[PDB]
Each structure stands twice: as structure tokens, then as C-alpha cells.
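Notes for the one structure printed next.
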Amino acid sequence: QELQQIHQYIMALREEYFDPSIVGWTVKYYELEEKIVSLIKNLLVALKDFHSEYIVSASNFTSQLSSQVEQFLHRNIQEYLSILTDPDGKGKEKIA
């Protein structure tokens, strides 16, 4: 939005403090300025769609990948319980 304000400020100066030879020669310059401002504003608008597209995927992959840590933690909890449990028996078979 600020681009239009800047463009209007720039265009107004051409006449506020100056008296160009012919007014009709200024409007073509204004039209070219509007072309360029439209280009810049189009780029700015286009940024937002790409940003949303990236954000949705980033959040989805964050949630999906982050969930794997809990499964590994559960495996570690199983190992912790196993160590808390005392071993027995199977050593004799292995030594035989």
C-alpha cells in the first residue's frame, strides 16, 4: 500500500514547485511511473501467496517430523524398564 503514497508524492512534486512547458508531456511520464509502480506492487502481492504456501508445508512437516521423537523416547523408556528389571537365566544357555 505505501507504494501508491510514494508514487503520488513523487508525481505531485512535478507541478507543485515547477511549471512544465506543457502539461500533456507530464501525464505520459506519470503513466510510465504507474507502470513501474504496478510492477513493484505486483511483486509485493506475489510474495504473500508463496509465503503462505511455504508456511503451510513447513508447519505440516514440523508437526509430522517432531512426532518421531516421542516414539524414540518410548523405546528408550522400554530400555529403561528393561534395565530396571534384573536379568537371569539365559547366560547359562549361552555359556553351554
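Chain labels A, B, ... are given in the sequence in which chains occur in the C-alpha cells; within each chain residues are numbered consecutively from 1, and ligands are likewise numbered from 1 in the order shown.
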
Residue list (helix (DSSP H, G or I), DSSP) for chain A, as a ChimeraX atom specification: /A:2-16,24-66,68-84,90-95

Could you name the residues that touch region 34-51 of chain A at 12 Å or less, counting only C-alpha atoms, but leaving out those on the same chain fewer than 5 positions away, as number ranges by chain? A: 1-8, 10-11, 27-29, 56-58

What separation in Å, quoted to one decimal, exists between CA of residue 92 (chain A) and CA of residue 80 (chain A)?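 Separation of CA of residue 92 (chain A) and CA of residue 80 (chain A): 24.0 Å.
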